Amino acid sequence: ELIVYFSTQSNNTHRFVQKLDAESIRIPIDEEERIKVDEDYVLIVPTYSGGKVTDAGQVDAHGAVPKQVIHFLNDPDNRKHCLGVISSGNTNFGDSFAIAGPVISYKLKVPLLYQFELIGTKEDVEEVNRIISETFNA
Amino acid sequence: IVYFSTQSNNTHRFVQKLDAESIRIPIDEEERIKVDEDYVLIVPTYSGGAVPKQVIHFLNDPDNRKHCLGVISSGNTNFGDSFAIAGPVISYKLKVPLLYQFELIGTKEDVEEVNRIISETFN
Ligand SMILES: Cc1cc2nc3c(=O)[nH]c(=O)nc-3n(C[C@H](O)[C@H](O)[C@H](O)COP(=O)(O)O)c2cc1C
Ligand SMILES: Cc1cc2nc3c(=O)[nH]c(=O)nc-3n(C[C@H](O)[C@H](O)[C@H](O)COP(=O)(O)O)c2cc1C
């Protein structure tokens, strides 16, 4: 069991991932630093599009996936090991809530396993532990 | 499979190409159904509220909601970043995985991929 995650200096996603059972590897905040992951992982990432909309009024997802995660997933050696994605955010962004997940899910053709807010609740920790376990069992 | 499809019938035609057995949610909003076996939900996305009213009525019943193993959603990629957004909404509300997303009537790849995914889920 292995998690790859991203978290800005606000550390919300870090504090959620710290509570989970599985081992975790952090994608660096420093944009110039890169990592290489050798084993299969579930990806956990926050959303950063700012709840933008288009002139028509539909969701604008530009910047949903943090740039550091885009660089990470651009490497096919990293990308191939992704078993699924979990995304986070804040429901105050409405239809842009947690949209980094569906964006990544559709591009990689991997399931969007879960979505949560901020540092997560006790129930999120319980569900994600189970979900990650089941994914690695399968 | 449990699915919804309007008069345009795109989601219906995709589901008939799949190997698994399927049950249809009715188009008439007053008509409602009940399901007691585990199912993967497959629904299109309709904005002016991503989820069709008929699916909202279906999922509002606690007896239907408990049997969902996961959701697959569809739409049209020309809707930009509102593409297929019924799935994520349902996924988050039910706490079930969003397994796949596809366009319209689906491609050869979608048929094979959703066949594979549904088999892995039923375990
Ligand atoms: C500039 C900015 C833009 C954001 N945009 C979104 C968004 O589009 N959708 C969303 O659900 N959450 C959004 N959020 C909320 C964050 O994703 C959320 O606070 C998350 O917990 C931050 O994770 P981190 O502290 O690990 O970086 C945004 C936050 C900031 C600061
Ligand atoms: C009024 C209307 C609104 C729609 N809104 C969306 C949307 O917000 N996002 C999307 O991805 N597709 C949207 N679509 C495309 C449909 O979801 C797509 O054609 C789907 O295949 C319809 O399935 P059905 O023929 O089974 O009803 C819309 C279509 C119509 C007619």
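Below, each value reflects all heavy atoms present in this structure, side chains not excepted, and no hydrogens, waters or symmetry copies. Each chain gets a letter, A, B and so on, in the order the sequences are listed, and its residues count up from 1.
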Tell me if the CD atom of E126(A) is crowded by more than 12 foreign heavy atoms within 6.0 Å. no
Enter the distance from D110(B):CG to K109(A):NZ here, rounded to the nearest 0.5 Å. 7.5 Å
Point-to-point distance, once rounded to the nearest 0.5 Å, from CD1 of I85(B) to CD of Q58(A): 9.0 Å
Between CD on residue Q115(A) and OG on residue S91(B), distance to nearest 0.5 Å: 5.0 Å
Hphob cluster co-occupancy, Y5(A) + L20(A), side-chain heavy atoms under 4.5 angstrom: yes
Among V96(B), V71(B), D81(B), residue most engaged with chain A (heavy-atom pairs, under 4.5 Å): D81(B)
Please flag which part of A61(A) lies under 4.5 Å from any non-hydrogen atom of chain B: side chain, backbone, both or neither. both
Centroid-to-centroid, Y92(B) to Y114(A), below 6.0 Å? no
Proximity breakdown for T91(A) and chain B, heavy-atom pairs closer than 4.5 Å: side chain
Is it the case that over 12 heavy atoms from other parts of the model lie below 6.0 angstrom from the NZ atom of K67(A)? no
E117(A) versus chain B, heavy atoms under 4.5 Å apart: side chain, backbone, both or neither? side chain
State whether the number of non-hydrogen atoms from other residues, nucleotides or ligands found under 6.0 Å of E39(A) atom CD is greater than 12. no
Looking at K122(A), I'd like to know if its NZ atom is crowded, meaning that more than 12 non-hydrogen atoms belonging to other residues, nucleotides or ligands lie closer than 6.0 Å. no
Over 12 foreign heavy atoms within 6.0 Å of NE2, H62(A): no
